[PDB]
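The structure file run.pdb is reproduced below (PDB, C-alpha atoms and all ligand atoms).
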```pdb
MODEL        1
ATOM      1  CA  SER A   1       0.000   0.000   0.000
ATOM      2  CA  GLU A   2       1.244   3.444  -0.957
ATOM      3  CA  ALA A   3      -1.558   5.311   0.771
ATOM      4  CA  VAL A   4       0.410   4.745   3.954
ATOM      5  CA  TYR A   5       3.670   6.074   2.563
ATOM      6  CA  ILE A   6       1.692   9.102   1.448
ATOM      7  CA  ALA A   7      -0.094   9.509   4.760
ATOM      8  CA  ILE A   8       3.337   9.433   6.355
ATOM      9  CA  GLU A   9       4.951  11.352   3.519
ATOM     10  CA  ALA A  10       2.307  13.996   4.101
ATOM     11  CA  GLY A  11       4.435  15.111   7.025
ATOM     12  CA  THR A  12       4.611  12.289   9.540
ATOM     13  CA  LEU A  13       8.345  11.722   9.774
ATOM     14  CA  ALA A  14      11.497  13.364   8.469
ATOM     15  CA  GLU A  15      14.526  11.914   6.721
ATOM     16  CA  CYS A  16      17.834  13.350   5.574
ATOM     17  CA  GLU A  17      17.352  14.215   1.921
ATOM     18  CA  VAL A  18      21.111  13.951   1.577
ATOM     19  CA  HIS A  19      21.259  10.485   3.090
ATOM     20  CA  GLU A  20      19.117   7.890   1.358
ATOM     21  CA  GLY A  21      18.015   5.220   3.805
ATOM     22  CA  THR A  22      18.466   7.388   6.875
ATOM     23  CA  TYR A  23      15.169   8.433   8.412
ATOM     24  CA  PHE A  24      13.832   9.780  11.687
ATOM     25  CA  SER A  25      10.257  10.218  12.849
ATOM     26  CA  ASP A  26       9.311  13.032  15.198
ATOM     27  CA  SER A  27      10.911  11.555  18.294
ATOM     28  CA  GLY A  28       8.977  12.076  21.505
ATOM     29  CA  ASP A  29       5.571  11.685  19.903
ATOM     30  CA  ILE A  30       5.298   8.586  17.748
ATOM     31  CA  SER A  31       1.531   8.648  18.118
ATOM     32  CA  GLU A  32       1.574  12.183  16.765
ATOM     33  CA  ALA A  33       2.605  10.697  13.439
ATOM     34  CA  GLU A  34      -0.606   8.694  13.372
ATOM     35  CA  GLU A  35      -2.830  11.535  14.514
ATOM     36  CA  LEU A  36      -1.255  13.859  11.975
ATOM     37  CA  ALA A  37      -1.633  11.135   9.375
ATOM     38  CA  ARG A  38      -5.289  10.851  10.316
ATOM     39  CA  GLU A  39      -5.595  14.616  10.084
ATOM     40  CA  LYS A  40      -4.120  14.865   6.608
ATOM     41  CA  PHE A  41      -5.674  11.624   5.422
ATOM     42  CA  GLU A  42      -9.072  12.564   6.800
ATOM     43  CA  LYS A  43      -8.504  16.077   5.511
ATOM     44  CA  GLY A  44      -7.880  14.551   2.104
ATOM     45  CA  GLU A  45      -9.505  11.340   0.930
ATOM     46  CA  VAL A  46      -7.000   9.118  -0.833
ATOM     47  CA  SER A  47      -7.689   7.053  -3.929
ATOM     48  CA  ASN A  48      -7.112   3.823  -2.043
ATOM     49  CA  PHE A  49     -10.102   5.067  -0.084
ATOM     50  CA  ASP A  50      -8.804   3.042   2.840
ATOM     51  CA  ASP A  51     -10.054   3.440   6.390
ATOM     52  CA  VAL A  52      -8.657   6.078   8.717
ATOM     53  CA  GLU A  53      -8.174   3.751  11.663
ATOM     54  CA  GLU A  54      -6.441   1.503   9.159
ATOM     55  CA  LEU A  55      -4.228   4.192   7.677
ATOM     56  CA  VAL A  56      -3.282   5.554  11.079
ATOM     57  CA  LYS A  57      -2.578   2.028  12.263
ATOM     58  CA  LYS A  58      -0.544   1.524   9.110
ATOM     59  CA  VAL A  59       1.005   4.924   9.715
ATOM     60  CA  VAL A  60       2.274   3.896  13.129
ATOM     61  CA  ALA A  61       3.285   0.512  11.770
ATOM     62  CA  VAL A  62       5.186   1.902   8.807
ATOM     63  CA  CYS A  63       6.705   4.611  10.970
ATOM     64  CA  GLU A  64       7.717   1.827  13.326
ATOM     65  CA  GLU A  65       8.817  -0.278  10.378
ATOM     66  CA  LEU A  66      11.232   2.492   9.472
ATOM     67  CA  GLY A  67      12.749   2.250  12.931
ATOM     68  CA  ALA A  68      14.393   5.564  12.132
ATOM     69  CA  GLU A  69      14.920   8.340  14.650
ATOM     70  CA  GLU A  70      17.972  10.042  13.194
ATOM     71  CA  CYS A  71      20.263  10.192  10.185
ATOM     72  CA  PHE A  72      23.433   8.561  11.456
ATOM     73  CA  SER A  73      24.766   9.158   7.965
ATOM     74  CA  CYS A  74      25.036  12.766   9.076
ATOM     75  CA  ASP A  75      28.405  11.566  10.317
ATOM     76  CA  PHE A  76      28.921   9.048   7.539
ATOM     77  CA  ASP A  77      30.993  10.546   4.748
TER      78      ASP A  77
HETATM   79 ZN    ZN A 101      22.089  13.335   7.160
ENDMDL
END
```
Whole structure, structure tokens version:
Amino acid sequence: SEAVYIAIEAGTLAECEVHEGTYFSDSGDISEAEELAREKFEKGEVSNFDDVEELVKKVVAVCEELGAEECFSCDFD
């Protein structure tokens, strides 16, 4: 599903645009990613027309699947 990536790409987490593979979701509020995802998603029906509770759940899952909280590459030349 891409709807998730979009829901999260809508502004759920952040990743170094100079370091591909290195990501980092708003640390301190992982749930915020879901809520925000539900806000954008709900504030903008996606083609997939999936469920909010589903997206959010998938938003927290994906976000968690990224297990990223910083761009260690920031030190990797
Ligand atoms: Zn970086």
_To test your reading of the syntax: which residues would the PyMOL selection byres (((not hetatm)) within 10 of (chain A and resi 101)) return for the file shown? Reply as a list in words._
residues 15, 16, 17, 18, 19, 20, 21, 22, 23, 70, 71, 72, 73, 74, 75, 76 and 77 of chain A
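For the pair atom CA of residue 61 of chain A and atom CA of residue 25 of chain A, the interatomic distance is 12.0 Å.
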Spell out the residues picked by the PyMOL selection byres (((chain A and resi 53) around 12) and not hetatm) here, as a compact mmCIF listing (two decimals) with C-alpha atoms, in the coordinates of the input.
```txt
# COMPACT_ATOMS: atom_id res chain seq x y z
CA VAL A 4 0.41 4.74 3.95
CA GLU A 34 -0.61 8.69 13.37
CA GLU A 35 -2.83 11.54 14.51
CA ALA A 37 -1.63 11.14 9.38
CA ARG A 38 -5.29 10.85 10.32
CA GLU A 39 -5.60 14.62 10.08
CA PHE A 41 -5.67 11.62 5.42
CA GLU A 42 -9.07 12.56 6.80
CA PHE A 49 -10.10 5.07 -0.08
CA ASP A 50 -8.80 3.04 2.84
CA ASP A 51 -10.05 3.44 6.39
CA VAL A 52 -8.66 6.08 8.72
CA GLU A 54 -6.44 1.50 9.16
CA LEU A 55 -4.23 4.19 7.68
CA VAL A 56 -3.28 5.55 11.08
CA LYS A 57 -2.58 2.03 12.26
CA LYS A 58 -0.54 1.52 9.11
CA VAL A 59 1.00 4.92 9.72
CA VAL A 60 2.27 3.90 13.13
CA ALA A 61 3.28 0.51 11.77
```
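Taking atom CA of residue 12 of chain A and atom CA of residue 36 of chain A as endpoints, the distance between them is 6.5 Å.
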*Enter the distance from atom CA of residue 13 of chain A to atom CA of residue 40 of chain A, in Å, rounded to one decimal.*
13.2 Å
Could you pull segment 23-60 of chain A out of the structure I just pasted and write it to a file containing N, CA and C atoms, as a compact mmCIF listing (two decimals), in the first residue's frame?
```txt
# COMPACT_ATOMS: atom_id res chain seq x y z
N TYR A 23 16.41 7.75 8.08
CA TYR A 23 15.17 8.43 8.41
C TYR A 23 15.09 8.73 9.91
N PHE A 24 14.03 9.43 10.29
CA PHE A 24 13.83 9.78 11.69
C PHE A 24 12.47 10.44 11.89
N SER A 25 11.59 9.72 12.58
CA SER A 25 10.26 10.22 12.85
C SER A 25 10.28 11.11 14.09
N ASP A 26 9.41 12.11 14.08
CA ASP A 26 9.31 13.03 15.20
C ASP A 26 9.44 12.26 16.51
N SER A 27 10.65 12.25 17.05
CA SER A 27 10.91 11.55 18.29
C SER A 27 10.25 12.29 19.46
N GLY A 28 9.65 11.51 20.35
CA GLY A 28 8.98 12.08 21.50
C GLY A 28 7.46 11.90 21.40
N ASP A 29 6.99 11.85 20.16
CA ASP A 29 5.57 11.69 19.90
C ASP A 29 5.37 10.83 18.65
N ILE A 30 5.46 9.52 18.85
CA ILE A 30 5.30 8.59 17.75
C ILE A 30 3.82 8.53 17.35
N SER A 31 2.97 8.68 18.35
CA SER A 31 1.53 8.65 18.12
C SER A 31 1.10 9.87 17.31
N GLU A 32 1.86 10.95 17.47
CA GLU A 32 1.57 12.18 16.76
C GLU A 32 1.61 11.95 15.25
N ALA A 33 2.47 11.02 14.85
CA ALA A 33 2.60 10.70 13.44
C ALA A 33 1.28 10.14 12.92
N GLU A 34 0.66 9.30 13.74
CA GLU A 34 -0.61 8.69 13.37
C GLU A 34 -1.71 9.75 13.32
N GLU A 35 -1.83 10.49 14.42
CA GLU A 35 -2.83 11.53 14.51
C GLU A 35 -2.72 12.48 13.32
N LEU A 36 -1.51 12.95 13.08
CA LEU A 36 -1.26 13.86 11.98
C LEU A 36 -1.65 13.18 10.66
N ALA A 37 -1.32 11.90 10.57
CA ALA A 37 -1.63 11.13 9.38
C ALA A 37 -3.15 11.07 9.20
N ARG A 38 -3.84 10.93 10.33
CA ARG A 38 -5.29 10.85 10.32
C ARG A 38 -5.89 12.22 9.99
N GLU A 39 -5.15 13.26 10.34
CA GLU A 39 -5.60 14.62 10.08
C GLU A 39 -5.50 14.94 8.59
N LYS A 40 -4.35 14.62 8.02
CA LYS A 40 -4.12 14.86 6.61
C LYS A 40 -4.99 13.92 5.78
N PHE A 41 -4.90 12.64 6.12
CA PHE A 41 -5.67 11.62 5.42
C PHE A 41 -7.17 11.96 5.44
N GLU A 42 -7.67 12.23 6.63
CA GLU A 42 -9.07 12.56 6.80
C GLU A 42 -9.38 13.91 6.14
N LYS A 43 -8.36 14.76 6.11
CA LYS A 43 -8.50 16.08 5.51
C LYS A 43 -8.17 16.00 4.02
N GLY A 44 -8.18 14.78 3.51
CA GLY A 44 -7.88 14.55 2.10
C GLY A 44 -8.02 13.07 1.74
N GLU A 45 -9.22 12.72 1.31
CA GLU A 45 -9.51 11.34 0.93
C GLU A 45 -8.51 10.87 -0.14
N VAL A 46 -7.96 9.69 0.10
CA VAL A 46 -7.00 9.12 -0.83
C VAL A 46 -7.72 8.15 -1.77
N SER A 47 -7.12 7.95 -2.94
CA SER A 47 -7.69 7.05 -3.93
C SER A 47 -7.99 5.69 -3.30
N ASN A 48 -6.97 5.12 -2.69
CA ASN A 48 -7.11 3.82 -2.04
C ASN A 48 -8.44 3.78 -1.28
N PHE A 49 -8.86 4.96 -0.83
CA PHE A 49 -10.10 5.07 -0.08
C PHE A 49 -10.12 4.11 1.11
N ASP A 50 -8.94 3.92 1.69
CA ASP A 50 -8.80 3.04 2.84
C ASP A 50 -9.47 3.69 4.06
N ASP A 51 -9.45 2.95 5.16
CA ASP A 51 -10.05 3.44 6.39
C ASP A 51 -9.02 4.26 7.17
N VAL A 52 -9.52 5.22 7.92
CA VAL A 52 -8.66 6.08 8.72
C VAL A 52 -7.93 5.23 9.77
N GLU A 53 -8.73 4.59 10.61
CA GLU A 53 -8.17 3.75 11.66
C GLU A 53 -7.13 2.80 11.08
N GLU A 54 -7.35 2.41 9.84
CA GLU A 54 -6.44 1.50 9.16
C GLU A 54 -5.16 2.24 8.76
N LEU A 55 -5.35 3.39 8.12
CA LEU A 55 -4.23 4.19 7.68
C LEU A 55 -3.35 4.55 8.88
N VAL A 56 -3.99 5.16 9.87
CA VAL A 56 -3.28 5.55 11.08
C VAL A 56 -2.50 4.36 11.62
N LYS A 57 -3.20 3.24 11.76
CA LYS A 57 -2.58 2.03 12.26
C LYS A 57 -1.39 1.66 11.37
N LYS A 58 -1.59 1.83 10.07
CA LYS A 58 -0.54 1.52 9.11
C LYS A 58 0.52 2.62 9.15
N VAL A 59 0.10 3.79 9.62
CA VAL A 59 1.00 4.92 9.71
C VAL A 59 1.99 4.70 10.87
N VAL A 60 1.46 4.17 11.96
CA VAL A 60 2.27 3.90 13.13
C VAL A 60 3.14 2.66 12.87
```
